[PDB]
């Protein structure tokens, strides 16, 4: 059979656990959670990267649904609860296809019955409003990882896409990591500064993840992971879930985006300005310089290097579907994973290597978080510390 046929067979046995899909935010923004208007039991290819049929075609067996909210708007906690509610509603609406999962055991139970294990990951520490009790409440509601920052610093952690702030994690930031360890919530180091990555690795007694990050050695961008950090994963026990975002994974796209941003500033606009006037400037840039397009090969290049440095036991996949506007050719939506698996087969990845990449590493890591949590919950009570106490006024 072809490598694509083989890939599909392999995925039927050990499907993809995808680390980060932003369907909930997409539903919030497109239809304000009017789920009938974007029914994922129907074909949503006109509007979304994700629906149930495409998930199954793509060999997705578990999904961390992102409950991302904006850090630059007030009411982050309320919005996070709305995102969590969206995931809950999706699970309730589609019991034939989805199963809520809170534990590694739930993930295996879902796989045994042929349902997609549905987990939740918060994207940015702003979702807890500097409150450890709020962190505990998110865990109680089913959140199983939290990205420590999004694109901006918060009070206790530095983002890779902001200026240096506290220098990595503050004292309270370390306390957040300790509490995540006690609860059993995975520390997600996507988005965070390299300083923050190192501080989190120093502090965490549980395996950490990167829910959607690729390789900085392959493509120098702050959203990607440095080799020195990848090297620490085997000791930590964690895993880096490669992402598909073209402006992170393809050198030409990184360069293009930098030039686009410079061009915006040259016209007196902030690079993130979305006004009609700014859009005109950007359109003119894209007219003289077409947007470069990544491929499955681009993503495989990252995985090859990440495997060499981190080890095959410390890799996963985090597509960022419905969280980013552009995709590599062959990975245009959630049905695309078999194309990546086929490319890796062609590059000599073994069946057991690939079962680790798709399924086994993610289950091991969540089980490890649970194991560490058992020890810490037995050893001490929850923290009552405040950011004022630890970081000062």
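Numbering follows the first chain given and starts at 1.
**Student:** When the C-alpha temperature factors are averaged for each of 357-365 and 42-50, which stretch ends up with the higher value in the entry?
**Tutor:** The deposited B-factors put 42-50 ahead on the C-alpha mean.
**Student:** So which stretch wins on mean C-alpha B-factor, 289-297 or 150-158?
**Tutor:** In the deposited entry, the stretch with the higher C-alpha B-factor mean is 289-297.
**Student:** Which of these has the highest Cα B-factor in the record: 174, 265, 302, 198?
**Tutor:** When the deposited C-alpha B-factors of 174, 265, 302, 198 are compared, 265 is largest.
**Student:** Going by the deposited entry, which of 72, 188, 106, 82 has the highest CA temperature factor?
**Tutor:** Of the candidates given, the C-alpha B-factor peaks at 72.
**Student:** Once the chain's modelled residues are ordered by C-alpha B factor and cut into thirds, is residue 269 in the lowest, middle or highest one?
**Tutor:** Its C-alpha B-factor belongs to the highest third of this chain's values.
**Student:** Of the three thirds of its chain by CA temperature factor, lowest, middle or highest, which one includes residue 314?
**Tutor:** Lowest third, going by the recorded CA B-factors of the chain.
**Student:** Mind checking which third residue 129 falls in for C-alpha B-factor across the chain?
**Tutor:** CA B-factor rank for residue 129: lowest third.
**Student:** If you rank the chain by CA B-factor, which third does residue 119 end up in: lowest, middle or highest?
**Tutor:** Lowest third, going by the recorded CA B-factors of the chain.
**Student:** Quick one: classify residue 11 as lowest, middle or highest third of the chain based on its Cα B-factor.
**Tutor:** According to the entry, residue 11 has a C-alpha B-factor in the chain's middle third.
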